[PDB]
>>> print(open('protein.txt').read())   # compact mmCIF, C-alpha atoms and all ligand atoms
# COMPACT_ATOMS: atom_id res chain seq x y z
CA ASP A 448 -92.04 -135.05 27.06
CA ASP A 449 -90.02 -132.13 28.42
CA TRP A 450 -90.47 -128.34 28.37
CA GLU A 451 -86.89 -127.67 29.45
CA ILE A 452 -85.50 -124.92 27.26
CA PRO A 453 -81.76 -125.70 26.89
CA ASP A 454 -78.98 -123.16 27.56
CA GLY A 455 -78.43 -120.38 25.02
CA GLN A 456 -81.80 -120.80 23.27
CA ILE A 457 -83.41 -117.90 25.18
CA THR A 458 -82.25 -114.29 24.78
CA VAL A 459 -82.84 -112.33 27.98
CA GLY A 460 -83.28 -108.60 27.28
CA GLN A 461 -84.77 -105.48 28.90
CA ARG A 462 -85.44 -105.80 32.65
CA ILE A 463 -88.91 -105.03 34.01
CA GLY A 464 -89.80 -107.22 37.03
CA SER A 465 -88.56 -106.93 40.61
CA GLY A 466 -89.13 -107.85 44.29
CA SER A 467 -88.91 -111.23 46.03
CA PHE A 468 -89.99 -114.59 44.44
CA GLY A 469 -87.88 -113.76 41.32
CA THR A 470 -86.85 -111.19 38.68
CA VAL A 471 -88.81 -110.76 35.43
CA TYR A 472 -87.14 -110.00 32.07
CA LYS A 473 -88.53 -109.54 28.57
CA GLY A 474 -86.97 -112.21 26.37
CA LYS A 475 -86.81 -113.73 22.89
CA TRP A 476 -87.50 -117.43 22.34
CA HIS A 477 -89.63 -118.09 19.24
CA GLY A 478 -90.69 -114.45 19.50
CA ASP A 479 -91.10 -112.10 22.44
CA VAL A 480 -91.35 -114.06 25.68
CA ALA A 481 -91.42 -113.31 29.39
CA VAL A 482 -88.71 -114.91 31.54
CA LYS A 483 -89.07 -115.04 35.32
CA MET A 484 -85.61 -115.84 36.62
CA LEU A 485 -86.19 -116.78 40.26
CA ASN A 486 -82.80 -115.69 41.60
CA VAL A 487 -81.91 -118.53 44.00
CA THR A 488 -78.27 -119.51 44.79
CA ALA A 489 -77.43 -122.53 42.52
CA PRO A 490 -79.36 -125.81 43.24
CA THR A 491 -78.82 -128.87 43.68
CA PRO A 492 -81.82 -131.07 44.78
CA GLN A 493 -84.25 -131.14 46.53
CA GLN A 494 -84.59 -127.68 44.93
CA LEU A 495 -84.23 -129.08 41.36
CA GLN A 496 -86.95 -131.69 42.00
CA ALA A 497 -88.99 -129.02 43.84
CA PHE A 498 -88.82 -126.58 40.91
CA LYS A 499 -89.75 -129.30 38.41
CA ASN A 500 -92.69 -130.24 40.66
CA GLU A 501 -93.98 -126.66 40.66
CA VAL A 502 -93.51 -126.53 36.88
CA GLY A 503 -95.72 -129.65 36.60
CA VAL A 504 -98.49 -127.58 38.18
CA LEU A 505 -98.23 -124.96 35.39
CA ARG A 506 -98.41 -127.66 32.70
CA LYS A 507 -101.94 -128.53 33.86
CA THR A 508 -103.13 -125.12 32.60
CA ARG A 509 -104.33 -124.39 29.05
CA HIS A 510 -106.80 -121.51 28.93
CA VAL A 511 -107.16 -118.14 27.19
CA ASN A 512 -107.45 -116.44 30.59
CA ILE A 513 -104.49 -118.19 32.20
CA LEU A 514 -101.02 -116.89 31.25
CA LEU A 515 -99.47 -119.25 28.69
CA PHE A 516 -96.74 -121.36 30.22
CA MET A 517 -94.32 -121.80 27.31
CA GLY A 518 -91.38 -123.56 28.98
CA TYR A 519 -88.91 -123.56 31.88
CA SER A 520 -85.15 -123.13 32.09
CA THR A 521 -82.78 -124.91 34.48
CA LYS A 522 -79.48 -124.66 32.60
CA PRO A 523 -78.31 -121.01 32.61
CA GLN A 524 -80.27 -120.76 35.91
CA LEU A 525 -83.77 -121.59 37.20
CA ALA A 526 -86.54 -119.74 35.33
CA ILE A 527 -90.10 -119.90 33.95
CA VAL A 528 -90.81 -118.66 30.43
CA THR A 529 -94.29 -117.54 29.47
CA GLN A 530 -95.91 -115.57 26.66
CA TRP A 531 -95.24 -111.83 26.62
CA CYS A 532 -98.34 -109.67 27.12
CA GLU A 533 -98.85 -106.48 25.16
CA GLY A 534 -100.23 -103.67 27.33
CA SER A 535 -100.23 -103.19 31.11
CA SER A 536 -101.53 -104.99 34.21
CA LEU A 537 -104.95 -104.21 35.73
CA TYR A 538 -103.30 -102.57 38.75
CA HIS A 539 -101.33 -100.31 36.40
CA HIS A 540 -104.42 -99.46 34.33
CA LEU A 541 -106.57 -98.66 37.38
CA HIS A 542 -104.13 -97.14 39.86
CA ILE A 543 -101.23 -95.73 37.80
CA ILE A 544 -102.17 -94.66 34.26
CA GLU A 545 -105.68 -94.05 35.69
CA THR A 546 -107.38 -95.63 32.65
CA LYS A 547 -111.14 -95.06 32.78
CA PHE A 548 -112.90 -98.18 31.48
CA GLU A 549 -116.41 -98.25 30.07
CA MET A 550 -118.80 -100.05 32.44
CA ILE A 551 -119.29 -102.95 30.00
CA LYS A 552 -115.52 -103.42 29.75
CA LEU A 553 -115.14 -103.37 33.56
CA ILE A 554 -117.80 -106.07 33.86
CA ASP A 555 -115.97 -107.99 31.12
CA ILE A 556 -112.56 -107.89 32.86
CA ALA A 557 -114.40 -109.21 35.93
CA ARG A 558 -116.17 -111.90 33.91
CA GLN A 559 -112.87 -113.03 32.38
CA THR A 560 -110.88 -113.12 35.59
CA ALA A 561 -113.68 -115.15 37.20
CA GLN A 562 -113.56 -117.36 34.11
CA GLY A 563 -109.80 -117.94 34.44
CA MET A 564 -110.24 -118.62 38.15
CA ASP A 565 -113.06 -121.12 37.60
CA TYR A 566 -110.62 -123.05 35.36
CA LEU A 567 -107.78 -123.13 37.92
CA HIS A 568 -110.16 -124.31 40.64
CA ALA A 569 -111.43 -127.04 38.32
CA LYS A 570 -107.85 -128.14 37.65
CA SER A 571 -107.40 -128.18 41.48
CA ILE A 572 -105.12 -125.12 41.54
CA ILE A 573 -105.45 -122.51 44.27
CA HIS A 574 -103.91 -119.25 43.08
CA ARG A 575 -102.94 -118.09 46.60
CA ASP A 576 -102.27 -114.55 45.36
CA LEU A 577 -104.98 -113.05 43.19
CA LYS A 578 -104.47 -109.30 42.88
CA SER A 579 -104.78 -106.72 40.10
CA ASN A 580 -100.96 -106.74 39.75
CA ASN A 581 -101.27 -110.36 38.61
CA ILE A 582 -104.16 -109.77 36.20
CA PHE A 583 -102.61 -108.75 32.86
CA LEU A 584 -104.66 -106.97 30.21
CA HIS A 585 -103.34 -108.37 26.93
CA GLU A 586 -103.79 -106.20 23.82
CA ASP A 587 -106.09 -104.25 26.18
CA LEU A 588 -108.80 -106.87 25.48
CA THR A 589 -107.89 -110.24 27.02
CA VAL A 590 -107.45 -111.05 30.71
CA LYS A 591 -104.43 -113.18 31.61
CA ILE A 592 -103.94 -114.42 35.19
CA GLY A 593 -100.41 -115.13 36.45
CA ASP A 594 -98.06 -115.62 39.43
CA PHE A 595 -100.05 -118.63 40.68
CA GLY A 596 -97.02 -120.84 40.09
CA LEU A 597 -94.59 -121.99 42.78
CA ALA A 598 -95.86 -121.24 46.35
CA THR A 599 -94.16 -124.50 47.46
CA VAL A 600 -90.95 -122.72 46.49
CA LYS A 601 -92.35 -119.88 48.66
CA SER A 602 -92.65 -122.24 51.68
CA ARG A 603 -89.72 -124.68 51.29
CA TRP A 604 -87.21 -121.82 50.81
CA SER A 605 -88.41 -118.83 52.88
CA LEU A 613 -95.97 -112.11 52.75
CA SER A 614 -95.94 -108.28 53.00
CA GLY A 615 -97.61 -106.76 49.92
CA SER A 616 -100.90 -108.49 49.13
CA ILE A 617 -102.52 -107.45 52.42
CA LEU A 618 -105.41 -105.73 50.66
CA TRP A 619 -106.51 -108.89 48.83
CA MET A 620 -106.04 -111.22 51.80
CA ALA A 621 -109.23 -112.63 53.31
CA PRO A 622 -109.67 -112.52 57.10
CA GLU A 623 -108.61 -116.16 57.70
CA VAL A 624 -105.49 -115.54 55.62
CA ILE A 625 -104.57 -112.14 57.16
CA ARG A 626 -104.41 -113.59 60.67
CA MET A 627 -101.77 -116.26 60.09
CA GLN A 628 -103.73 -118.87 62.06
CA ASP A 629 -104.04 -122.58 61.12
CA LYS A 630 -101.13 -123.99 59.06
CA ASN A 631 -102.97 -123.89 55.70
CA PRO A 632 -105.50 -121.00 55.40
CA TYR A 633 -105.59 -121.06 51.59
CA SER A 634 -108.78 -122.31 49.99
CA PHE A 635 -111.02 -121.83 46.98
CA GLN A 636 -112.96 -119.27 49.02
CA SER A 637 -109.71 -117.48 49.92
CA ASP A 638 -109.27 -116.78 46.19
CA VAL A 639 -112.90 -115.59 46.00
CA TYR A 640 -112.40 -112.83 48.60
CA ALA A 641 -109.30 -111.78 46.63
CA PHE A 642 -111.59 -111.65 43.60
CA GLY A 643 -114.04 -109.54 45.64
CA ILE A 644 -111.20 -107.09 46.20
CA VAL A 645 -110.33 -106.88 42.48
CA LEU A 646 -114.09 -106.43 41.88
CA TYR A 647 -113.96 -103.54 44.31
CA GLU A 648 -110.92 -102.20 42.43
CA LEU A 649 -112.83 -102.37 39.15
CA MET A 650 -116.10 -100.94 40.46
CA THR A 651 -114.48 -98.11 42.44
CA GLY A 652 -111.19 -97.63 40.60
CA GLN A 653 -109.59 -97.57 44.05
CA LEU A 654 -107.60 -99.65 46.49
CA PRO A 655 -109.51 -100.35 49.73
CA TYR A 656 -108.85 -98.65 53.09
CA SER A 657 -107.14 -95.59 51.54
CA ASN A 658 -108.25 -93.58 54.61
CA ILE A 659 -106.20 -95.64 57.09
CA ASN A 660 -102.47 -94.83 57.19
CA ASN A 661 -101.47 -97.68 59.52
CA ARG A 662 -100.86 -101.04 57.79
CA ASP A 663 -100.80 -103.08 61.01
CA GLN A 664 -104.21 -101.65 61.92
CA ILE A 665 -105.59 -102.87 58.58
CA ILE A 666 -104.07 -106.29 59.31
CA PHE A 667 -105.54 -106.51 62.82
CA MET A 668 -109.01 -105.31 61.87
CA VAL A 669 -109.50 -107.16 58.58
CA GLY A 670 -108.33 -110.36 60.28
CA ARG A 671 -110.73 -109.85 63.18
CA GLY A 672 -113.42 -108.65 60.77
CA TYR A 673 -113.89 -105.18 62.30
CA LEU A 674 -113.03 -103.50 59.01
CA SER A 675 -114.08 -104.48 55.49
CA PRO A 676 -114.17 -102.76 52.04
CA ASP A 677 -116.52 -99.78 51.73
CA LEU A 678 -119.11 -100.97 49.20
CA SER A 679 -120.85 -97.57 49.05
CA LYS A 680 -118.01 -96.11 46.99
CA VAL A 681 -119.04 -97.99 43.82
CA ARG A 682 -119.96 -95.47 41.09
CA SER A 683 -123.71 -94.77 40.86
CA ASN A 684 -123.93 -96.28 37.34
CA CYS A 685 -122.97 -99.67 38.82
CA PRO A 686 -125.58 -102.46 38.39
CA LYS A 687 -127.79 -102.89 41.47
CA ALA A 688 -126.81 -106.59 41.70
CA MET A 689 -123.03 -106.14 41.23
CA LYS A 690 -122.89 -104.61 44.70
CA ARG A 691 -124.46 -107.79 46.15
CA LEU A 692 -122.14 -110.21 44.33
CA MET A 693 -119.21 -108.17 45.61
CA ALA A 694 -120.62 -108.41 49.15
CA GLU A 695 -121.06 -112.18 48.70
CA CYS A 696 -117.43 -112.63 47.66
CA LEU A 697 -116.23 -110.53 50.58
CA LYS A 698 -118.12 -112.40 53.34
CA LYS A 699 -116.13 -112.50 56.58
CA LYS A 700 -116.73 -116.21 57.18
CA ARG A 701 -115.23 -118.25 54.34
CA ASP A 702 -118.14 -120.75 54.43
CA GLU A 703 -120.50 -117.98 53.27
CA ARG A 704 -118.60 -117.25 50.03
CA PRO A 705 -119.72 -118.42 46.57
CA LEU A 706 -117.57 -120.58 44.30
CA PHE A 707 -116.63 -119.41 40.79
CA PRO A 708 -119.21 -121.50 38.88
CA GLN A 709 -121.84 -119.58 40.85
CA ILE A 710 -119.92 -116.25 40.71
CA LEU A 711 -119.50 -116.63 36.96
CA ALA A 712 -123.25 -117.23 36.46
CA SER A 713 -124.08 -114.00 38.30
CA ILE A 714 -121.78 -111.88 36.11
CA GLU A 715 -123.17 -113.31 32.85
CA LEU A 716 -126.67 -112.81 34.27
CA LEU A 717 -126.02 -109.14 35.05
CA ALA A 718 -124.13 -108.86 31.73
CA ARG A 719 -127.43 -109.42 29.89
CA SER A 720 -128.88 -106.31 31.56
CA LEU A 721 -126.82 -103.47 30.05
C1 LIG A 801 -98.14 -119.08 33.53
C2 LIG A 801 -97.61 -119.72 34.80
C3 LIG A 801 -97.91 -118.90 36.06
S1 LIG A 801 -96.40 -118.29 36.92
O1 LIG A 801 -95.19 -118.95 36.40
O2 LIG A 801 -96.66 -118.26 38.36
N1 LIG A 801 -96.34 -116.62 36.48
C4 LIG A 801 -95.46 -115.93 35.76
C5 LIG A 801 -94.35 -116.55 35.13
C6 LIG A 801 -93.46 -115.76 34.38
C7 LIG A 801 -93.67 -114.37 34.26
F1 LIG A 801 -92.80 -113.63 33.54
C8 LIG A 801 -94.78 -113.74 34.88
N2 LIG A 801 -94.99 -112.40 34.78
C9 LIG A 801 -94.72 -111.62 36.00
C10 LIG A 801 -95.18 -111.70 33.63
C11 LIG A 801 -95.50 -112.38 32.42
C12 LIG A 801 -95.68 -111.67 31.22
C13 LIG A 801 -95.55 -110.26 31.20
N3 LIG A 801 -95.74 -109.54 30.00
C14 LIG A 801 -95.62 -108.25 29.99
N4 LIG A 801 -95.31 -107.48 31.10
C15 LIG A 801 -95.20 -106.02 30.94
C16 LIG A 801 -95.10 -108.06 32.35
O3 LIG A 801 -94.82 -107.43 33.37
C17 LIG A 801 -95.23 -109.57 32.39
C18 LIG A 801 -95.05 -110.29 33.60
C19 LIG A 801 -95.67 -114.54 35.64
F2 LIG A 801 -96.73 -113.97 36.24
>>> encode(input="protein.txt", output="structure tokens", more="lines below")
Ligand SMILES: CCCS(=O)(=O)Nc1ccc(F)c(N(C)c2ccc3ncn(C)c(=O)c3c2)c1F
Amino acid sequence: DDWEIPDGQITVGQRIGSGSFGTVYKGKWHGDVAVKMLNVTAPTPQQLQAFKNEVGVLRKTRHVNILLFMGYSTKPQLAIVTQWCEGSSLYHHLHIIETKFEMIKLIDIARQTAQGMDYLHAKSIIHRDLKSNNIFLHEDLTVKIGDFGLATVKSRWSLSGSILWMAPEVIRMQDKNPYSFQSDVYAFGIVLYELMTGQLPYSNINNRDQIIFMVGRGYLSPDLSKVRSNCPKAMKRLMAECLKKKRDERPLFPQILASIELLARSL
């Protein structure tokens, strides 16, 4: 009935995670776990009921490509415990350790992430923050998507680091709720660009606000020409489809997924 891990059962160890939202530690609870201790004062409802409501979102997910929610902690503090992933994140592989993936593997990472996304969308979950930092490469073979949890915690107790993945309608903080299925798709288009170019977009602009203004007004978009010349002829078009400026013109993941598997049977 309950996934509440009682006080003293978990063993928080070496610190790895940082930033806002929360702090991420490697733990030990029935083996190596990940614990995301969202450092927030000491609630007290609504907060308690709000945390438990966000946890109930995570419980809806059971998929090889979605990070395994293992349990949550309220007692020693508020926290989410998931499986620990062996290996690095996609962002780290591509942009730090500079790992050069074989073209079939790159297509596979893409296929898998799209797969994981298709699932979330089916279970009526909008990620709201798909980026290569959040795509974990487990045992260097399985794609695990994470950080989709909370976001109500992000709004009820409160946006400066995911710029590159943000779709136009999101970038320009316009109508109250810009987040959609298609919003996640553009973000996917960006991670596709990351995969196919091994680069972050807009590296030749040094002014972040300028990126923000232009992307949001659709004057500037990712440079599709930079994809390596051994890239499939039809991968470039799928990427362009996902990155459409108007959100109405973007595919959904069932369709996206079909295109990857179609071009997969071409290598
Ligand atoms: C499944 C519910 C979605 S959620 O609750 O929104 N995301 C979520 C929850 C707890 C975490 F520790 C991590 N991360 C951040 C995490 C997890 C495992 C990791 N394993 C290894 N390494 C090196 C990590 O950095 C690492 C980070 C998450 F992304």
>>> closest_atom_pairs(input="protein.txt", of="chain A", to="ligand LIG 801 (chain A)", cutoff="8 Å", atoms="only C-alpha atoms and all ligand atoms", output="CSV")
residue,atom,partner,partner_atom,distance
A:463,CA,A:LIG801,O3,6.4
A:464,CA,A:LIG801,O3,6.2
A:471,CA,A:LIG801,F1,5.3
A:472,CA,A:LIG801,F1,6.9
A:473,CA,A:LIG801,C14,7.3
A:480,CA,A:LIG801,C12,7.4
A:481,CA,A:LIG801,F1,4.4
A:482,CA,A:LIG801,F1,4.7
A:483,CA,A:LIG801,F1,4.4
A:502,CA,A:LIG801,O1,7.8
A:505,CA,A:LIG801,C2,5.3
A:508,CA,A:LIG801,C1,7.9
A:513,CA,A:LIG801,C1,6.5
A:514,CA,A:LIG801,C1,4.3
A:515,CA,A:LIG801,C1,5.0
A:516,CA,A:LIG801,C1,4.3
A:517,CA,A:LIG801,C1,7.8
A:527,CA,A:LIG801,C6,5.3
A:528,CA,A:LIG801,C6,5.6
A:529,CA,A:LIG801,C6,5.3
A:530,CA,A:LIG801,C12,6.0
A:531,CA,A:LIG801,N3,4.1
A:532,CA,A:LIG801,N3,3.9
A:533,CA,A:LIG801,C14,6.1
A:534,CA,A:LIG801,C15,6.6
A:535,CA,A:LIG801,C15,5.8
A:536,CA,A:LIG801,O3,7.2
A:581,CA,A:LIG801,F2,6.3
A:583,CA,A:LIG801,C13,7.4
A:592,CA,A:LIG801,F2,7.3
A:593,CA,A:LIG801,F2,3.9
A:594,CA,A:LIG801,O2,3.2
A:595,CA,A:LIG801,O2,4.1
A:596,CA,A:LIG801,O2,3.1
A:597,CA,A:LIG801,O2,6.1
>>> residues_around(input="protein.txt", residues="residue A:498", least_positions_apart="3", cutoff="9 Å", atoms="only C-alpha atoms", output="MDAnalysis selection string")
chainID A and resid 493:495 501:503 521 525 597 599:600
>>> write_last_selection(input="protein.txt", atoms="C-alpha atoms", output="mmCIF file, keeping the file's coordinate frame")
data_model
loop_
_atom_site.group_PDB
_atom_site.id
_atom_site.type_symbol
_atom_site.label_atom_id
_atom_site.label_comp_id
_atom_site.auth_asym_id
_atom_site.auth_seq_id
_atom_site.Cartn_x
_atom_site.Cartn_y
_atom_site.Cartn_z
ATOM 1 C CA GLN A 493 -84.250 -131.140 46.530
ATOM 2 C CA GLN A 494 -84.590 -127.680 44.930
ATOM 3 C CA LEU A 495 -84.230 -129.080 41.360
ATOM 4 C CA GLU A 501 -93.980 -126.660 40.660
ATOM 5 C CA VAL A 502 -93.510 -126.530 36.880
ATOM 6 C CA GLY A 503 -95.720 -129.650 36.600
ATOM 7 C CA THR A 521 -82.780 -124.910 34.480
ATOM 8 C CA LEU A 525 -83.770 -121.590 37.200
ATOM 9 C CA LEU A 597 -94.590 -121.990 42.780
ATOM 10 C CA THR A 599 -94.160 -124.500 47.460
ATOM 11 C CA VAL A 600 -90.950 -122.720 46.490
#
>>> residues_near_point(input="protein.txt", point="(-107.9, -123.1, 29.2)", cutoff="9 Å", atoms="all atoms listed in the file", output="PDB file with C-alpha atoms, keeping the file's coordinate frame")
ATOM      1  CA  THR A 508    -103.130-125.120  32.600  1.00  0.00           C
ATOM      2  CA  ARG A 509    -104.330-124.390  29.050  1.00  0.00           C
ATOM      3  CA  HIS A 510    -106.800-121.510  28.930  1.00  0.00           C
ATOM      4  CA  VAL A 511    -107.160-118.140  27.190  1.00  0.00           C
ATOM      5  CA  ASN A 512    -107.450-116.440  30.590  1.00  0.00           C
ATOM      6  CA  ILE A 513    -104.490-118.190  32.200  1.00  0.00           C
ATOM      7  CA  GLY A 563    -109.800-117.940  34.440  1.00  0.00           C
ATOM      8  CA  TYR A 566    -110.620-123.050  35.360  1.00  0.00           C
ATOM      9  CA  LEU A 567    -107.780-123.130  37.920  1.00  0.00           C
TER      10      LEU A 567
END
>>> closest_atom_pairs(input="protein.txt", of="stretch 527-644 of chain A", to="stretch 706-711 of chain A", cutoff="8 Å", atoms="only C-alpha atoms", output="JSON lines")
{"residue": "A:558", "atom": "CA", "partner": "A:711", "partner_atom": "CA", "distance": 6.5}
{"residue": "A:561", "atom": "CA", "partner": "A:711", "partner_atom": "CA", "distance": 6.0}
{"residue": "A:562", "atom": "CA", "partner": "A:711", "partner_atom": "CA", "distance": 6.6}
{"residue": "A:564", "atom": "CA", "partner": "A:707", "partner_atom": "CA", "distance": 7.0}
{"residue": "A:565", "atom": "CA", "partner": "A:707", "partner_atom": "CA", "distance": 5.1}
{"residue": "A:635", "atom": "CA", "partner": "A:706", "partner_atom": "CA", "distance": 7.2}
{"residue": "A:636", "atom": "CA", "partner": "A:706", "partner_atom": "CA", "distance": 6.7}
{"residue": "A:639", "atom": "CA", "partner": "A:706", "partner_atom": "CA", "distance": 7.0}
>>> residues_around(input="protein.txt", residues="residue A:549", least_positions_apart="2", cutoff="12 Å", atoms="only C-alpha atoms", output="ChimeraX atom specification")
/A:546-547,551-556,649-650,652,682,684-685,721
>>> atom_distance(input="protein.txt", atom1="atom CA of residue A:518", atom2="atom CA of residue A:476")
9.8 Å
>>> atom_distance(input="protein.txt", atom1="atom CA of residue A:687", atom2="atom CA of residue A:648")
16.9 Å
>>> closest_residue(input="protein.txt", among="A:656, A:673, A:450, A:519", to="residue A:622", atoms="all atoms listed in the file")
A:673
>>> atom_distance(input="protein.txt", atom1="atom CA of residue A:700", atom2="atom CA of residue A:667")
15.8 Å
>>> closest_residue(input="protein.txt", among="A:671, A:587, A:582, A:643", to="residue A:692", atoms="all atoms listed in the file")
A:643
>>> closest_residue(input="protein.txt", among="A:657, A:589, A:664, A:602", to="residue A:625", atoms="all atoms listed in the file")
A:664
>>> closest_residue(input="protein.txt", among="A:540, A:574, A:506, A:698", to="residue A:644", atoms="only C-alpha atoms")
A:698
>>> residues_near_point(input="protein.txt", point="(-85.8, -127.4, 26.8)", cutoff="10 Å", atoms="only C-alpha atoms", output="PyMOL selection string")
chain A and resi 448-454+456-457+518-522
>>> build_atoms(input="protein.txt", residues="stretch 571-595 of chain A", atoms="N, CA and C atoms", output="tab-separated table (two decimals), in the coordinates of the input")
chain	number	residue	atom	x	y	z
A	571	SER	N	-107.89	-128.05	40.09
A	571	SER	CA	-107.40	-128.18	41.48
A	571	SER	C	-106.19	-127.30	41.80
A	572	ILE	N	-106.21	-126.07	41.30
A	572	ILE	CA	-105.12	-125.12	41.54
A	572	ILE	C	-105.67	-123.94	42.32
A	573	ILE	N	-105.12	-123.71	43.50
A	573	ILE	CA	-105.45	-122.51	44.27
A	573	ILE	C	-104.40	-121.46	43.94
A	574	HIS	N	-104.85	-120.30	43.49
A	574	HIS	CA	-103.91	-119.25	43.08
A	574	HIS	C	-103.02	-118.80	44.24
A	575	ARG	N	-103.64	-118.52	45.38
A	575	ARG	CA	-102.94	-118.09	46.60
A	575	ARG	C	-102.44	-116.64	46.55
A	576	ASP	N	-102.70	-115.93	45.46
A	576	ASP	CA	-102.27	-114.55	45.36
A	576	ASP	C	-102.95	-113.82	44.19
A	577	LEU	N	-104.28	-113.80	44.20
A	577	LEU	CA	-104.98	-113.05	43.19
A	577	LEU	C	-104.97	-111.58	43.60
A	578	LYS	N	-104.42	-110.75	42.73
A	578	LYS	CA	-104.47	-109.30	42.88
A	578	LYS	C	-104.35	-108.66	41.50
A	579	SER	N	-104.78	-107.41	41.39
A	579	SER	CA	-104.78	-106.72	40.10
A	579	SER	C	-103.39	-106.62	39.46
A	580	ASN	N	-102.34	-106.73	40.27
A	580	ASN	CA	-100.96	-106.74	39.75
A	580	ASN	C	-100.73	-107.98	38.90
A	581	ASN	N	-101.43	-109.06	39.25
A	581	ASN	CA	-101.27	-110.36	38.61
A	581	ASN	C	-102.30	-110.63	37.51
A	582	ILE	N	-103.18	-109.66	37.27
A	582	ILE	CA	-104.16	-109.77	36.20
A	582	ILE	C	-103.70	-108.87	35.05
A	583	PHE	N	-103.19	-109.49	33.99
A	583	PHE	CA	-102.61	-108.75	32.86
A	583	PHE	C	-103.65	-108.54	31.77
A	584	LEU	N	-103.66	-107.34	31.21
A	584	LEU	CA	-104.66	-106.97	30.21
A	584	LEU	C	-104.03	-106.96	28.83
A	585	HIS	N	-104.02	-108.13	28.20
A	585	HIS	CA	-103.34	-108.37	26.93
A	585	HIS	C	-104.07	-107.71	25.77
A	586	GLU	N	-103.29	-107.02	24.93
A	586	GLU	CA	-103.79	-106.20	23.82
A	586	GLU	C	-104.94	-105.28	24.24
A	587	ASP	N	-105.01	-105.01	25.54
A	587	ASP	CA	-106.09	-104.25	26.18
A	587	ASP	C	-107.48	-104.85	25.94
A	588	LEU	N	-107.54	-106.17	25.78
A	588	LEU	CA	-108.80	-106.87	25.48
A	588	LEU	C	-108.95	-108.25	26.12
A	589	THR	N	-107.84	-108.91	26.44
A	589	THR	CA	-107.89	-110.24	27.02
A	589	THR	C	-107.26	-110.27	28.40
A	590	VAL	N	-107.94	-110.91	29.34
A	590	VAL	CA	-107.45	-111.05	30.71
A	590	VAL	C	-106.58	-112.30	30.84
A	591	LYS	N	-105.37	-112.10	31.37
A	591	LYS	CA	-104.43	-113.18	31.61
A	591	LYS	C	-104.03	-113.18	33.09
A	592	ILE	N	-104.27	-114.29	33.77
A	592	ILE	CA	-103.94	-114.42	35.19
A	592	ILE	C	-102.59	-115.11	35.34
A	593	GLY	N	-101.75	-114.59	36.23
A	593	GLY	CA	-100.41	-115.13	36.45
A	593	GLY	C	-99.92	-115.08	37.89
A	594	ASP	N	-98.70	-115.55	38.11
A	594	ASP	CA	-98.06	-115.62	39.43
A	594	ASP	C	-98.66	-116.66	40.38
A	595	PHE	N	-99.50	-117.55	39.86
A	595	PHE	CA	-100.05	-118.63	40.68
A	595	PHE	C	-99.06	-119.77	40.87
